[PDB]
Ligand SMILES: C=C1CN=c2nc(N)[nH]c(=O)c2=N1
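There is one chain below, alone, in structure tokens, taken in the form solved without this ligand.
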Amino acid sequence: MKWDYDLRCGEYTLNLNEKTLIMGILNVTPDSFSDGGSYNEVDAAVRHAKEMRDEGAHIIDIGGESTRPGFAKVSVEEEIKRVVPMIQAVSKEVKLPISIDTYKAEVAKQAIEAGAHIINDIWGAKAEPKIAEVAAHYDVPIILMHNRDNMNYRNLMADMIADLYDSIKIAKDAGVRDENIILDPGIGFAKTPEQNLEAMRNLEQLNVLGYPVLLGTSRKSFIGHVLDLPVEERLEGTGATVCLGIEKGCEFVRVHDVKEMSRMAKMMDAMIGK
């Protein structure tokens, strides 16, 4: 139907047409006495990945300390010590494609060497353009998220599309094939609560760019802003964003609560004729 290619992920292949793809969020739980690779640290990660797999995740998204939600000031040297053991163990023990959640070229490169299949970049190849070359080099899919260092829009959606296209250009100029490009509206980033809702409301506009769209709204602050609920009480809110996202044509959803969101995605898929 809509997509005449599959998303190629090394040993794994993701069909973009038959169902909404669920990307499970795995954040590192660092050990306080080591720089990475410890049993408890990695075993925690591996167990969470198996769990999310058993609950219906199609992709495991792995993030070190430098990325969301903590945004630690940490070197690539430090960061690699931490994320590489996780990617090695998860890729070995869990048979799903792995995305590396980083905006750093060198981390992306070593993550892929370690076994990751997809690059997920919260800065859309703008913070470190060479990440697009890494991606082109290894021929992996790259997720380009909308982001910017400010909330001074003239027109939110038009600007979002312009910004994303600037990301696409960096990517293609490095050699990234169209079929390896995925976009993300960057909900919860560089947007007021009202702009996040407005982005949700007009999400279907991203579709004119001709690339698969991943939605990542899970547990985010704007949901708290609407419901006045803390992060642990945001299942219902996340769900609403997921269903609306799917209705507006998104191919992936990046979520913490895989069990619940997979059920909801599956029901949405059935209703919209996916």
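All residue numbers are counted from 1 along the displayed sequence. By rigid core we mean the largest C-alpha set that fits within 1.5 Å across both forms.
>> As a check of understanding, is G237 unmodelled in at least a third of the other compared entries that model its flanking residues?
In response: No, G237 is modelled in every other compared entry.
>> Quick test of your reading: does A72 have no coordinates in a third or more of the other entries compared?
In response: Per the records, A72 goes unmodelled in at least a third of the other entries.
> Given the B-factors recorded for C-alpha atoms, which segment has the greater mean, 238-246 or 26-34?
Replying inline: Per the deposited B-factors, the answer is 26-34.
>> Regarding 217-225 and 64-72, which shows the higher C-alpha temperature factor on average in the entry?
In response: In the deposited entry, the stretch with the higher C-alpha B-factor mean is 64-72.
>> For the CA B factor values reported in this entry, which option in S167, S99, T102, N155 has the top one?
In response: In this record, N155 carries the highest C-alpha B-factor of the candidates.
> Whose C-alpha has the highest temperature factor in the PDB entry: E79, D184, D121, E204?
Replying inline: Comparing C-alpha B-factors across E79, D184, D121, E204, the maximum falls on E79.
>> When the deposited Cα B-factors of this chain's modelled residues are ordered and cut into thirds, is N147 in the lowest, the middle or the highest one?
In response: For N147, the deposited C-alpha B-factor lands in the middle third.
> Lowest, middle or highest third of the chain for the C-alpha temperature factor of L209?
Replying inline: Its C-alpha B-factor, which the entry lists for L209, ranks in the lowest third among residues of this chain.
> Lowest, middle or highest third of the chain for the C-alpha temperature factor of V255?
Replying inline: According to the entry, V255 has a C-alpha B-factor in the chain's lowest third.
> Which third of the chain holds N17 when residues are ordered by C-alpha B factor: lowest, middle or highest?
Replying inline: Middle third of the chain for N17's C-alpha B-factor.
> Which third of the chain holds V83 when residues are ordered by C-alpha B factor: lowest, middle or highest?
Replying inline: Its C-alpha B-factor belongs to the middle third of this chain's values.
Although not depicted, the form solved in complex with this ligand is the subject of the following passage.
> Can you pick the stretch from 200-208, 77-85, 105-113, 118-126 whose heavy atoms fall within 4.5 Å of this ligand in the deposited bound form?
Replying inline: Going by heavy atoms within 4.5 Å, the stretch is 118-126.
> Among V140, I187, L96, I168, which has at least one heavy atom within 4.5 Å of this ligand in the deposited bound form?
Replying inline: Only one option qualifies, and that one is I187.
>> Taking this ligand in the deposited bound form, would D101, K220 and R254 all count as contacting it (heavy atom within 4.5 Å)?
In response: The answer is yes; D101, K220 and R254 each reach this ligand.
> With the cut-off set at 4.5 Å between non-hydrogen atoms, does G245 touch this ligand in the deposited bound form?
Replying inline: Residue-level check for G245: no, no contact with this ligand.
> Is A45 close enough to touch this ligand in the deposited bound form, meaning at least one heavy atom pair within 4.5 Å?
Replying inline: No.
>> My question is simply whether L214 lines the interface with this ligand in the deposited bound form - judged by any non-hydrogen atom within 4.5 Å.
In response: Heavy-atom contact with this ligand at 4.5 Å: present for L214.
>> Would you classify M145 as touching this ligand in the deposited bound form, given a 4.5 Å non-hydrogen atom cut-off?
In response: Output for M145 is yes: heavy atoms within 4.5 Å of this ligand.
> Which of the listed residues (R68, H225, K248, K50) moves its Cα by 2 Å or more between this form and the one not shown when the core is kept in place?
Replying inline: Meeting the 2 Å or more criterion is only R68.
> Knowing the Cα distance between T217 and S66 changes 3 Å or more in the deposited bound form, does it shrink or grow relative to here?
Replying inline: They are closer; the C-alpha distance drops by 3 Å or more in the deposited bound form.
> Looking in the deposited bound form, are the Cα atoms of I25 and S66 closer together or farther apart than here, the change being 3 Å or more?
Replying inline: Result: closer.
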